[PDB]
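Comments concern the structure below.
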Amino acid sequence: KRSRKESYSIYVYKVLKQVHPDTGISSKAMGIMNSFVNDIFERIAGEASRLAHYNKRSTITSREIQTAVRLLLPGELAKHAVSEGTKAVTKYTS
Amino acid sequence: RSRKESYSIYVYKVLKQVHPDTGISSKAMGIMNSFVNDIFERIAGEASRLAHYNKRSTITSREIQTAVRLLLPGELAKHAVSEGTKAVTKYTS
Amino acid sequence: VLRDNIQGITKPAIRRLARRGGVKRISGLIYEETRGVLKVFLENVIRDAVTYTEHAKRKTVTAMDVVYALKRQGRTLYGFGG
Amino acid sequence: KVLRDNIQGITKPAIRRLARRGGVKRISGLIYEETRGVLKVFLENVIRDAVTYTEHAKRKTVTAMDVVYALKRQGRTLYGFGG
Amino acid sequence: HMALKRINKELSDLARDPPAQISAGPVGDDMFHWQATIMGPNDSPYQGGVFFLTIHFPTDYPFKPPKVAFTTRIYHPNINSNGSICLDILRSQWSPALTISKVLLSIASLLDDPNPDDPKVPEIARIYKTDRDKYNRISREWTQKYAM
Amino acid sequence: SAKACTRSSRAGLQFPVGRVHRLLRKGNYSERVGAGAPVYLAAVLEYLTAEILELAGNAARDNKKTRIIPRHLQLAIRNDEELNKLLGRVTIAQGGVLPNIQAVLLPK
Amino acid sequence: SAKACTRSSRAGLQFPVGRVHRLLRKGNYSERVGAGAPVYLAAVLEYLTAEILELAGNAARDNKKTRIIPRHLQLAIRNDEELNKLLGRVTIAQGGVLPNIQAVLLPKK
Amino acid sequence: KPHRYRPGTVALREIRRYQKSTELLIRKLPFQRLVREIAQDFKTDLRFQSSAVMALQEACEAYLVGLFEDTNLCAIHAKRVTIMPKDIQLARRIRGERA
Amino acid sequence: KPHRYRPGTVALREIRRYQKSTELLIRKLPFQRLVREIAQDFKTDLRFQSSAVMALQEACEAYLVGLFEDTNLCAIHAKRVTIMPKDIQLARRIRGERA
Amino acid sequence: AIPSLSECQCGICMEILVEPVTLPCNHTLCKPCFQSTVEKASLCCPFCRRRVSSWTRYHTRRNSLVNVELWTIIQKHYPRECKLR
DNA sequence: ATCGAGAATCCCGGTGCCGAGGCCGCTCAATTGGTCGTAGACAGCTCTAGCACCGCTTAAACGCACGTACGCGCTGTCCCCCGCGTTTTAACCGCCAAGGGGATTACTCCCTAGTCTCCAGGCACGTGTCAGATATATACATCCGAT
DNA sequence: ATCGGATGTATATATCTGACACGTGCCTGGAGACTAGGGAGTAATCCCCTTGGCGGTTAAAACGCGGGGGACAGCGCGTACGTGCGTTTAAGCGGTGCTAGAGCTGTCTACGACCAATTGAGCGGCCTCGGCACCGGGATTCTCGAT
Ligand SMILES: [Zn+2]
Ligand SMILES: [Zn+2]
């Protein structure tokens, strides 16, 4: 058979069944969502790498990712995403 | 204190190869250093992405060659590939 | 071998694109200029696509090569993987 | 030590000199306010990223490297001050 | 403030209509800390078993869930030795609309029917999933010496 | 939070934290990766995904359909001030264009 | 080659090979770095630097000066064709602009 | 005597129709032949996946639609409704791909 | 009796003069004060290296020069020699800085 | 018909409802509860757990969170509460 | 300002089909537990340069008057796109046939990371001198009004 | 078409000032030798997907024609911007003083990489029924010529 290929389809569907419990999604739309998730992941994780390289560090912490989110996203998306990530980290640690 | 590395002396050596008479100021050296660093980063990043695409884990000379071909325009790319191949062949033997 | 296939981008096929772009009236010399710029854009994209194919030691131009070339030129495309 | 309405320091002769360097021969009378607005927007956009960069490093002085990095991130690379 | 008023309303509701086979109240002077006694449900192998547990109210209530902890040592796949419990309503899906009565009744239902999909302790959950006679025996023999 | 459970549930997320951690570690990004970075990054990704999906569902409901198609994604993205800025140089396949006719061209 | 001289001298270059190798290894690019990558990269960098320096020196000599200053580099980069496209989105400090006036603006005859 | 629509009232109808749909407007076989002819210069005896041609067509159509969107604004700025080859050139120069 | 140039010659002379030299054209203290005011709007009690202010001035002046070149081309496209705010708006729209 | 006092209340405060907001799921709750849950809670609906993040970002910008139609109805019947609240 | 006729578009009801979604089996990657070397967090210290102030010159900014030439509106001409009918061309679709190359697996060898030792190349620092910027005095190119 | 003012720019000369180029000490990074292991090269196999072909039908392209509206040229008005001049402002230069904070060094603790077992999350393949596309008839709404 074909080799295993990973994707975000299951998690995207899980998220979709929260905002709109009675709505489906096409295959091309799921592919577009997967591409968008991959692109944003690459953008943020590539900005954080240079942000850590500037200060002569070896670790990528939540601080670098937070500042990358601040630099990338627009004025209000950045605020909301920073709040969401801070809440997630706080809930994870404690 | 602190030691800060730069490409100043190599740029001066290349200049003396090209124009034995003309000198160079300090701001021009800063600009040349910035240009060299920028081109280094561009080529290295493109080569790393190329190595990642083909599920490799190393950066050989062909990755750098393809990155140069992708970045530099036509005549510049051809001459850069020629010089790089010449240097590699001269170095390997 | 193929020759003079740029004439397949006919006048109606350009008028439809102009109408989608919101153009109400078109002059008669627009079509040749549009064909020229389209050929330039296609050459620019396909050169990098073929370079990506050749580096990977392959004989087929996959959609991944086109996607990578479009992203390299700053025209990120969503829908064909990547 | 607050500062107010300092954008009036970008005088009309300075805008005329910039236009002359750009190659402009005759200038309308409403160009100056539009140019001031464009310059203010650009300055705000660059300074925001510079301040973010200097805040990530827990500093209080904005170095030239922060401005260079912000300009490079915005897509306007600058040669002469490092990088 | 708002949380103190909410706790006052909770106690008013509890006093007006006492809940089902549970009883909670402030053990000490501070209203933030509570103690609750739960009796063994009839449709369960925990007949005649009283369980004491402690309640800690976060300062920002009800927007943060309270923390429950069993004082006694009870055998169950969803409870550790320290007295914590494994309930999604408790922390995963808490909402400000829920009350302490709702989570207490959810704990009682969990006693009636455990959670094998995401058990907190894998070994005793496997024991539950494998056989019932041994699980029932050990549960009865520990609740006859620790619960009361 | 208490340990001995899946990492995605400790943070209350839906996107995987283990997969994000592995991708960050093996992505040639840095020599070391902090233990809290994958949580923050997964939270940001999930927030953005929900942000787009809610608007896409609203657009689909406006057209009496119960299934999201790329046209609805394009409509949702281009009608938002911030999402359009974020995905400004991105082309959605089979997404069309927004209806916009200049006022000069309209009949008088 | 003889495997005895320095790496830059062995390859016939002036840019260092050891420094380029170290920057490639410590730059977080790949898990491994080949033996011939630094040589190729140094050769390409040296070629580009030599080209720009030659053009800047030509401009400076035409200006009747014996020192390259950022104005000469700006002239050399903009007056070329491939180099202007390679550095299209780059600002040179103290570089000025190329002189041109639109034909419409010139006085009538 | 037979019905005839005044000039300009059918172009607007097509504008309203084509902005509502999402399908590709260029025919597929001529575009495939054009792509293969253009690609035969760089490397000979190439093969194309079926998805690559569609990706190229989508990108080209989007680029042309954007270019025409800019050209319309250039034409309107000059106080006329007809787009002419001197608007495409100005748009391409300002965007940065002509210089 | 007094001699004075016709309107237009001094403009061309200044155009030739300012395209030959490379110095900055905005006075340094007002620009420094404006930059400090904006930064203080972002984060209070900030300090500035001199090179940072210098780089900001260089970037702003280069951007304005490019914008004015595009504005001049836009104005010429409309059969004019005067640059008006609509030319700046069209250049910014086509370049993509305002959409 | 005119709602009674008992059937116009917020589930969080349990006291009299003031400045109602109606979520896309039509669940109603007083504005201070929403403002508080945005800061610390999961930004969902407190009652049925439906995400309203885009709704919040849309309406806070225009300050149209309050359900004006029902606010007047509740305010006119019970104005003596506002002095103590 | 209007009424009516040809025409394009939207609503609604019935039929069919294919792909979205859920289920089952299973392989592998993520989790748990323990160990260890080292990154960076914190504290103390130095000394650099960023901020603030003061006095003098004169350079650039500012307000104003005159005038002219360029922008904007109006009128006219003519020719070139647009809308519609008819005929010719080939795109699209369904079907069949073949084999080229993509994708995968087993084996092996040689190329690069990691470690230690040693020495010399490049960096920080200091000093001599000439390239070029500035002041002064001619000499030519260019603009302008008008014979 | 110059005729001569009149202005500004270009050219040659003296000078003198700080930045450029080079010499010196040294110490930290690069070179040399060696070992081990896994990553990549090579060969063989499978079968999937790309290329090529044929026939039909019919949607879309091509060609032509009448004419109406839009592009372009020409005139005229007046007002807004250019140019030159005198007045007023604050930039720019120099010098002094002070301390906030960047940069560096030394300890040491807590966080993260590595390794082994193990099992449940998630991927691949199947199957089914409902959402959406399509077709046919009718109602609605722009559109245009004529009063
Ligand atoms: Zn309330
Ligand atoms: Zn709800």
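To be explicit about the labels: the chains of the structure tokens are called A, B, and onward in the order shown, and within each one the residues are counted from 1, while ligands get numbers from 1 in the order they are shown.
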For the interface of chain E with ligand 1 (cut-off 12 Å, counting only C-alpha atoms and all ligand atoms), please tabulate each contacting residue of chain E alongside its nearest pair of atoms and their separation in Å to one decimal, rows sorted by chain and increasing number, as CSV.
residue,atom,partner,partner_atom_place_in_ligand_line,distance
E:2,CA,ligand 1,1 (Zn),9.6
E:3,CA,ligand 1,1 (Zn),11.6
E:5,CA,ligand 1,1 (Zn),11.6
E:6,CA,ligand 1,1 (Zn),10.3
E:62,CA,ligand 1,1 (Zn),10.9
E:63,CA,ligand 1,1 (Zn),11.7
E:96,CA,ligand 1,1 (Zn),10.2
E:97,CA,ligand 1,1 (Zn),10.0
Restricted to N, CA and C atoms, what would the selected residues look like written as a PDB file, in the first residue's frame?
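Saved as part-v3.pdb:
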ATOM      1  N   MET E   2     -17.670  39.484  43.982  1.00  0.00           N
ATOM      2  CA  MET E   2     -18.544  38.683  43.130  1.00  0.00           C
ATOM      3  C   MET E   2     -18.493  37.207  43.507  1.00  0.00           C
ATOM      4  N   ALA E   3     -17.293  36.674  43.749  1.00  0.00           N
ATOM      5  CA  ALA E   3     -17.175  35.268  44.123  1.00  0.00           C
ATOM      6  C   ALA E   3     -17.807  34.998  45.485  1.00  0.00           C
ATOM      7  N   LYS E   5     -20.328  36.650  46.831  1.00  0.00           N
ATOM      8  CA  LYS E   5     -21.771  36.660  46.611  1.00  0.00           C
ATOM      9  C   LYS E   5     -22.231  35.372  45.940  1.00  0.00           C
ATOM     10  N   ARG E   6     -21.448  34.870  44.982  1.00  0.00           N
ATOM     11  CA  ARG E   6     -21.801  33.619  44.319  1.00  0.00           C
ATOM     12  C   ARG E   6     -21.816  32.458  45.305  1.00  0.00           C
ATOM     13  N   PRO E  62     -16.770  32.367  39.271  1.00  0.00           N
ATOM     14  CA  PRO E  62     -16.741  30.967  38.831  1.00  0.00           C
ATOM     15  C   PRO E  62     -15.913  30.737  37.573  1.00  0.00           C
ATOM     16  N   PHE E  63     -15.189  31.764  37.130  1.00  0.00           N
ATOM     17  CA  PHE E  63     -14.464  31.695  35.867  1.00  0.00           C
ATOM     18  C   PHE E  63     -13.294  30.720  35.904  1.00  0.00           C
ATOM     19  N   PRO E  96     -18.564  28.656  33.356  1.00  0.00           N
ATOM     20  CA  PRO E  96     -19.072  29.417  34.510  1.00  0.00           C
ATOM     21  C   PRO E  96     -20.523  29.128  34.850  1.00  0.00           C
ATOM     22  N   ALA E  97     -21.316  28.624  33.902  1.00  0.00           N
ATOM     23  CA  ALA E  97     -22.717  28.329  34.180  1.00  0.00           C
ATOM     24  C   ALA E  97     -22.888  27.162  35.141  1.00  0.00           C
TER      25      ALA E  97
END
Excluding stretch 39-54 of chain A and its own-chain neighbours fewer than 6 positions away, which residues fall within 7 Å of it when counting only C-alpha atoms (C1' of nucleotides)? Please give them as a ChimeraX atom specification.
/A:60,64-65,68-69 /F:29-30
Print the selection's residues with C-alpha atoms to a file, as a PDB file, in the first residue's frame.
ATOM      1  CA  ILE A  60      13.282  28.261  21.164  1.00  0.00           C
ATOM      2  CA  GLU A  64      10.340  33.601  21.053  1.00  0.00           C
ATOM      3  CA  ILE A  65       7.105  32.189  19.626  1.00  0.00           C
ATOM      4  CA  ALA A  68       7.072  35.963  16.458  1.00  0.00           C
ATOM      5  CA  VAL A  69       3.267  35.997  16.722  1.00  0.00           C
TER       6      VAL A  69
ATOM      7  CA  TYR F  29      14.981  25.566  13.456  1.00  0.00           C
ATOM      8  CA  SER F  30      17.172  25.548  16.577  1.00  0.00           C
TER       9      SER F  30
END
Give as a ChimeraX atom specification the residues surrounding ligand 2 up to a distance of 6 Å, considering only C-alpha atoms (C1' of nucleotides) and all ligand atoms.
/J:25,27,45,47-50
Writer output for current selection, C-alpha atoms, as a tab-separated table (two decimals), in the first residue's frame:
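And here's result.tsv as it stands now:
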chain	number	residue	atom	x	y	z
J	25	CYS	CA	-26.77	30.53	19.66
J	27	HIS	CA	-28.21	32.42	24.72
J	45	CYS	CA	-20.51	30.29	25.22
J	47	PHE	CA	-24.09	27.72	28.41
J	48	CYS	CA	-23.68	25.59	25.27
J	49	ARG	CA	-19.94	26.03	24.54
J	50	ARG	CA	-19.98	27.51	21.03
For the atom pair atom CA of residue D:36 and atom CA of residue I:27, what is the interatomic distance in Å to one decimal place?
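Interatomic distance here is 14.6 Å.
Counting only C-alpha atoms (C1' of nucleotides) and comparing K:82, K:70, K:36, K:3, the residue that lies closest to chain C is K:82.
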Using only C-alpha atoms, I'd like every residue of chain B that has an atom within 12 Å of chain C; please write them out as a ChimeraX atom specification.
/B:42,45-47,49-56,61-74
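For chain K, the residues no farther than 9 Å from chain C when using only C-alpha atoms (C1' of nucleotides) are residues 80, 81, 101 and 102 of chain K.
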In Å, rounded to a single decimal, give me how far atom CA of residue J:20 is from atom CA of residue J:32.
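So the answer is 9.2 Å.
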Would you mind listing what lies within 8 Å of residue C:20 as a list in words, with only C-alpha atoms (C1' of nucleotides) counted and same-chain residues fewer than 6 positions away left out?
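Neighbouring residues, sequence-local ones excluded: residues 97 of chain F; 15, 18, 19 and 65 of chain H.
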What does the structure give for the distance between atom CA of residue J:12 and atom CA of residue J:70, in Å to one decimal?
18.4 Å
Would you mind writing down, as a PyMOL selection string, each residue of chain J that DSSP on the backbone assigns to alpha helix (DSSP H)?
chain J and resi 31-40+53-62+68-77+81-84
Residues of the last selection are to be written out with C-alpha atoms, as a PDB file, in the first residue's frame.
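See selection.pdb below for the written result:
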ATOM      1  CA  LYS J  31     -22.415  42.128  29.714  1.00  0.00           C
ATOM      2  CA  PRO J  32     -20.112  42.038  32.803  1.00  0.00           C
ATOM      3  CA  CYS J  33     -20.184  38.227  32.717  1.00  0.00           C
ATOM      4  CA  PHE J  34     -19.117  38.231  29.064  1.00  0.00           C
ATOM      5  CA  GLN J  35     -16.373  40.787  29.720  1.00  0.00           C
ATOM      6  CA  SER J  36     -15.059  38.663  32.586  1.00  0.00           C
ATOM      7  CA  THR J  37     -15.177  35.347  30.708  1.00  0.00           C
ATOM      8  CA  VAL J  38     -13.282  36.813  27.746  1.00  0.00           C
ATOM      9  CA  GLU J  39     -10.291  37.628  29.965  1.00  0.00           C
ATOM     10  CA  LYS J  40      -9.971  34.313  31.825  1.00  0.00           C
ATOM     11  CA  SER J  53     -14.294  34.655  18.946  1.00  0.00           C
ATOM     12  CA  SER J  54     -15.026  36.289  15.586  1.00  0.00           C
ATOM     13  CA  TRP J  55     -18.321  37.558  17.014  1.00  0.00           C
ATOM     14  CA  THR J  56     -16.456  39.205  19.904  1.00  0.00           C
ATOM     15  CA  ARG J  57     -13.802  40.735  17.645  1.00  0.00           C
ATOM     16  CA  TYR J  58     -16.523  41.993  15.288  1.00  0.00           C
ATOM     17  CA  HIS J  59     -18.759  43.545  17.929  1.00  0.00           C
ATOM     18  CA  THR J  60     -16.247  44.986  20.418  1.00  0.00           C
ATOM     19  CA  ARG J  61     -14.745  47.052  17.588  1.00  0.00           C
ATOM     20  CA  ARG J  62     -18.162  48.602  16.870  1.00  0.00           C
ATOM     21  CA  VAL J  68     -30.499  47.165  22.736  1.00  0.00           C
ATOM     22  CA  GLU J  69     -34.018  45.894  22.003  1.00  0.00           C
ATOM     23  CA  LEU J  70     -34.284  43.758  25.156  1.00  0.00           C
ATOM     24  CA  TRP J  71     -32.263  46.147  27.334  1.00  0.00           C
ATOM     25  CA  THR J  72     -34.949  48.842  27.139  1.00  0.00           C
ATOM     26  CA  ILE J  73     -37.694  46.298  27.880  1.00  0.00           C
ATOM     27  CA  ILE J  74     -35.904  45.088  31.006  1.00  0.00           C
ATOM     28  CA  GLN J  75     -34.878  48.613  32.052  1.00  0.00           C
ATOM     29  CA  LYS J  76     -38.343  50.182  31.906  1.00  0.00           C
ATOM     30  CA  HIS J  77     -40.020  47.549  34.094  1.00  0.00           C
ATOM     31  CA  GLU J  81     -32.600  48.082  40.737  1.00  0.00           C
ATOM     32  CA  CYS J  82     -30.026  50.229  38.918  1.00  0.00           C
ATOM     33  CA  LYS J  83     -29.466  52.541  41.902  1.00  0.00           C
ATOM     34  CA  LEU J  84     -28.333  49.714  44.196  1.00  0.00           C
TER      35      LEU J  84
END
Taking only C-alpha atoms into account, produce a table as a Markdown table in which each residue of chain G with an atom at most 12 Å from an atom of chain D appears once, together with its shortest atom pair and the distance in Å to one decimal, ordered by chain and rising number.
| residue | atom | partner | partner_atom | distance |
| --- | --- | --- | --- | --- |
| G:69 | CA | D:80 | CA | 11.4 |
| G:70 | CA | D:80 | CA | 8.9 |
| G:73 | CA | D:79 | CA | 11.2 |
| G:74 | CA | D:79 | CA | 11.0 |
| G:87 | CA | D:77 | CA | 9.4 |
| G:88 | CA | D:76 | CA | 9.8 |
| G:89 | CA | D:76 | CA | 6.1 |
| G:90 | CA | D:77 | CA | 4.9 |
| G:91 | CA | D:78 | CA | 4.9 |
| G:92 | CA | D:79 | CA | 5.1 |
| G:93 | CA | D:80 | CA | 5.5 |
| G:94 | CA | D:80 | CA | 8.5 |
| G:95 | CA | D:79 | CA | 10.0 |
| G:96 | CA | D:21 | CA | 8.7 |
| G:97 | CA | D:21 | CA | 7.7 |
| G:98 | CA | D:21 | CA | 9.6 |
| G:99 | CA | D:23 | CA | 8.6 |
| G:100 | CA | D:23 | CA | 7.4 |
| G:101 | CA | D:23 | CA | 6.2 |
| G:102 | CA | D:23 | CA | 7.9 |
| G:103 | CA | D:23 | CA | 11.3 |
| G:104 | CA | D:25 | CA | 10.3 |
| G:105 | CA | D:25 | CA | 7.0 |
| G:106 | CA | D:25 | CA | 9.4 |
| G:107 | CA | D:25 | CA | 11.2 |
Counting only C-alpha atoms (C1' of nucleotides), which of F:35, F:24, F:5, F:45 gets nearest to chain L?
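When distances to chain L are compared using only C-alpha atoms (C1' of nucleotides), the smallest one comes from F:35.
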Compute the chain F side of the contact with chain C at 9 Å, counting only C-alpha atoms, and hand it back as a list in words.
residues 70, 89, 90, 91, 92, 93, 94, 96, 97, 99, 100, 101, 102 and 105 of chain F
As a list in words, list the residues of stretch 18-69 of chain C assigned to strand (DSSP E) by DSSP on the backbone atoms of this structure.
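Filtering stretch 18-69 of chain C to strand (DSSP E) leaves residues 25, 26, 60 and 61 of chain C.
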Residues just named, written with N, CA, C and O atoms as a JSON list (two decimals), in the first residue's frame:
[["chain", "number", "residue", "atom", "x", "y", "z"],
["C", 25, "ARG", "N", -14.74, 48.12, -21.33],
["C", 25, "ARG", "CA", -14.43, 48.35, -22.73],
["C", 25, "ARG", "C", -12.95, 48.07, -22.97],
["C", 25, "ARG", "O", -12.10, 48.48, -22.17],
["C", 26, "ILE", "N", -12.65, 47.38, -24.06],
["C", 26, "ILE", "CA", -11.29, 46.93, -24.37],
["C", 26, "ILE", "C", -10.91, 47.43, -25.76],
["C", 26, "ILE", "O", -11.70, 47.33, -26.70],
["C", 60, "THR", "N", 9.72, 14.06, -14.72],
["C", 60, "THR", "CA", 8.36, 14.57, -14.71],
["C", 60, "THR", "C", 8.27, 15.79, -13.81],
["C", 60, "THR", "O", 8.86, 15.82, -12.73],
["C", 61, "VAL", "N", 7.52, 16.80, -14.27],
["C", 61, "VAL", "CA", 7.33, 18.03, -13.51],
["C", 61, "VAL", "C", 6.09, 17.84, -12.64],
["C", 61, "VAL", "O", 4.96, 17.95, -13.11]]
Of the listed residues L:39, L:8, L:106, L:53, that which approaches residue K:44 most closely, counting only C-alpha atoms (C1' of nucleotides):
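Nearest to residue K:44: L:106.
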